[PDB]
């Protein structure tokens, strides 16, 4: 839809790429575990503001992010470091908290994914 923005970048041949043990941990452990969570489905693809009748969404959220985009960035090696990927997850959670009312169902769902995310990120291995 023309009323939805293009998705966040997932392919850019000019951007340097690098595989790190931390990035492998983010795909194998963090993304894998969050993706199967009962509350993951609203976060598995960009917010479709047209379909969901949220016409102001992209007037408020200027740095959209979702796990579908993160999954593509991890599987198609878009990142140089783990911090870029962790920032994407944090952007996804923050966008949800900014747009929605505290205590809304979608906020409780993002909070459950973030609690699981924090448990996994505290165990982030050191580089090798």
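Numbering follows the first chain given and starts at 1.
> Mean C-alpha B-factor higher for 41-49, or for 25-33?
Per the PDB entry, the higher value belongs to 25-33.
> Can you tell me whether 61-69 has a higher mean C-alpha B factor than 99-107 in this record, or the other way round?
Looking at the recorded C-alpha B-factors, 99-107 comes out higher on average.
> Looking at 81, 87, 76, 94, which has the highest CA B-factor as recorded?
Across 81, 87, 76, 94, the entry lists the biggest C-alpha B-factor for 76.
> Among the modelled residues of this chain, does the Cα B factor of residue 8 put it in the lowest, middle or highest third?
CA B-factor rank for residue 8: lowest third.
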